[PDB]
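Now for the letters of each chain:
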Amino acid sequence: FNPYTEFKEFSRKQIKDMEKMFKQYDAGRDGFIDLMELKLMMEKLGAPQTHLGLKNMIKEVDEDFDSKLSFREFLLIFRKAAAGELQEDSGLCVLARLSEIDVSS
Ligand SMILES: [Ca+2]
Ligand SMILES: [Ca+2]
């Protein structure tokens, strides 16, 4: 997986920032963000989401159906944000917003 070739709508700086955020919250260092890790992320961003909200966030981008997020799937959150596909103030909209990445730039 070369993210730089799949996600050309983002600069190298933006992808590296997304990587830093991903790695920050992958507490277990296994290369994925699972439900509890995402729960902790949203708490720390200051916008805790409900259990179902969290589950639904993962479902929106969980392209290989394993119920956790790889880095590529994490980038899909930002791709969806940038494509105008996220519902206003849904959990993923909030994640992208509160993150240091502004996909509208
Ligand atoms: Ca993990
Ligand atoms: Ca997955």
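Criteria and cut-off values
- Residues numbered from 1 in each chain as written, not as in the entry; some residues may be left out.
- Chains lettered and ligands numbered in written order.
- Heavy atoms only, no water.
- Donors = N, O, S within 2.8 Å, 3.2 Å for Na, K, Ca; no water.
- Buried < 20%, exposed > 50% of the residue type's maximum accessible area, 1.4 Å probe, protein only.
- Tetrahedral: all angles 85-135°; square planar, octahedral: opposite > 155°, others 65-115°.
- Core = buried A, V, L, I, M, F, W, Y, C linked by side-chain atoms within 4.5 Å.
- Helix = DSSP H or I, 4+ residues; strand = E, 2+ residues; numbered from the N terminus.
- Contact = heavy atoms within 4.5 Å.
- Salt bridge = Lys/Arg side-chain N within 4 Å of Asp/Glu carboxyl O.

Its PDB header names X-ray crystallography as the technique used to obtain the model and reports a resolution of 1.85 Å.

The PDB entry lists the protein chain under the name EF-hand domain-containing protein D2, with Homo sapiens as the source organism. What the PDB entry is called, per its title line, is "Structure of EF-hand containing protein".

Moving on to the coordination of the calcium ion (ligand 1). Surrounding the calcium ion (ligand 1) are the protein donor atoms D26 (OD), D30 (OD), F32 (O), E37 (OE) and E37 (OE), at 2.5 to 2.7 Å. One chain supplies every donor to the calcium ion (ligand 1), and in sequence these donors are spaced D-x3-D-x1-F-x4-E. Look at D30 and you get partly exposed, because its relative accessible area is 46%.

In the first shell of the calcium ion (ligand 2), the protein supplies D62 (OD), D64 (OD), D66 (OD), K68 (O), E73 (OE) and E73 (OE), at 2.6 to 2.7 Å from the metal. Geometry at the calcium ion (ligand 2) is irregular, judged from its six donor atoms and the angles of 50 to 159° they form at the metal. In terms of primary sequence, the donors binding the calcium ion (ligand 2) are separated according to D-x1-D-x1-D-x1-K-x4-E.

Our focus in this paragraph is the nonpolar core. One finds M18, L38, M41, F74, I77, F78 and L95 to be the most contacted residues of the largest nonpolar core, which totals 30 residues. Residue assignment for this core shows that the elements contributing at least two residues are α2 (12-25), α3 (35-45), α4 (51-61), α5 (71-82) and α6 (91-98). Apart from the residues within four sequence positions on either side, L38 is in contact with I33, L54, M57, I58 and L95.

A few words now on the pattern of salt bridges. Counted according to the given criterion, the structure contains seven salt bridges. Between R79 and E9 there is a salt bridge whose closest N-O contact spans 2.8 Å. With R79 in helix α5 and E9 in the loop between α1 (3-6) and α2, this pair connects stretches of sequence that are 70 residues apart. Residue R79 is classed as partly exposed on the basis of its relative accessible area of 25%. Judged by its relative accessible area of 40%, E9 is partly exposed.

Owing to its 3.6 residues per turn, the α-helix aligns residues three or four sequence positions apart on the same side. For α6, every residue scored as buried is listed here: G91, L92, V94, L95 and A96. Summarising the contacts, the buried residues of α6 are in contact with α2, α3, α4 and α5.

As for its placement among the helices and strands, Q14 is situated in helix α2. Since its relative accessible area comes to 15%, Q14 is described here as buried. Leave out the neighbours within four places in its chain, and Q14 touches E9, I101, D102, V103 and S105.

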